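Chemist:
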Amino acid sequence: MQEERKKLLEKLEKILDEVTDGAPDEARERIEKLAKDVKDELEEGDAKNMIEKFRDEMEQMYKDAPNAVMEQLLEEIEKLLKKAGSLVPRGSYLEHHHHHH
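Take the sequence shown: its position 4, counting from 1, is numbered 4 in PDB author numbering, and each next residue is one higher.
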């Protein structure tokens with residue numbers, strides 16, 4: 001917490017705040033579970049991995065239903081994932097389309 005880590009996760013939880021509220025209606029309750037789990041993982045389990053999980057989960061629901069902010073939020077978590085990639089070169093995107101409902 002002496003190397004901008006709190007500011008990185010503060011902005012990250014600020015994105016998750018806008019993903020739940022600025023969700024495509026029905027997609028919100030899907031987001032609220034995983035976003036709540038990220039908060040635990042910030043100290044409990046693997047926070048950095050949950051930033052990847054939520055980033056790739058967002059693009060699944062974005063391809064399924066894009067409002068306007070949903071797209072911008074993909075770009076936001078991406079900026080934060082680069083800084084969260086501490087010696088870790090990862091972010092190829094897990095290839096999805098819709099997979100059917």
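Yeah, the Cβ is synthetic: ideal placement off N, Cα and C, and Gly gets one too.
Confirm, please, whether the CB-CB distance from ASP37 to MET58 is below 8 Å.
Modeler: Along the sequence shown, one-based indexing puts residue 58 at 58. Along the sequence shown, one-based indexing puts residue 37 at 37. Not in contact: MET58 and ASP37 (Cβ atoms no closer than 8 Å).
Chemist: Going by beta-carbon coordinates alone, are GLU76 and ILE31 separated by less than 8 Å?
Modeler: Counting from 1 along the sequence shown, the entry for residue 76 is found at position 76. Counting from 1 along the sequence shown, the entry for residue 31 is found at position 31. No, Cβ-Cβ distance for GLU76 and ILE31 is not below 8 Å.
Chemist: Taking the alpha-carbon positions, what's the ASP64 to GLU29 distance?
Modeler: The residue given as residue 64 occupies position 64 in the sequence shown. The residue given as residue 29 occupies position 29 in the sequence shown. Each residue's Cα considered, the two are about 15 Å apart.
Chemist: Compute the Euclidean distance between the alpha carbons of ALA23 and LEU74, then round it to the nearest angstrom.
Modeler: Sequence index remark: in the sequence shown, residue 23 carries index 23 (1-based). Sequence index remark: in the sequence shown, residue 74 carries index 74 (1-based). Distance between the alpha carbons of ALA23 and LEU74: 12 Å.
Chemist: With a CB to CB cut of under 7 Å and the five nearest residues on each side skipped, what residues in its chain are close to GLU18?
Modeler: As a position in the sequence shown, residue 18 is number 18, starting the count at 1. Closer than 7 Å at the Cβ level, and outside the excluded window around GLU18, lie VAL69, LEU73.
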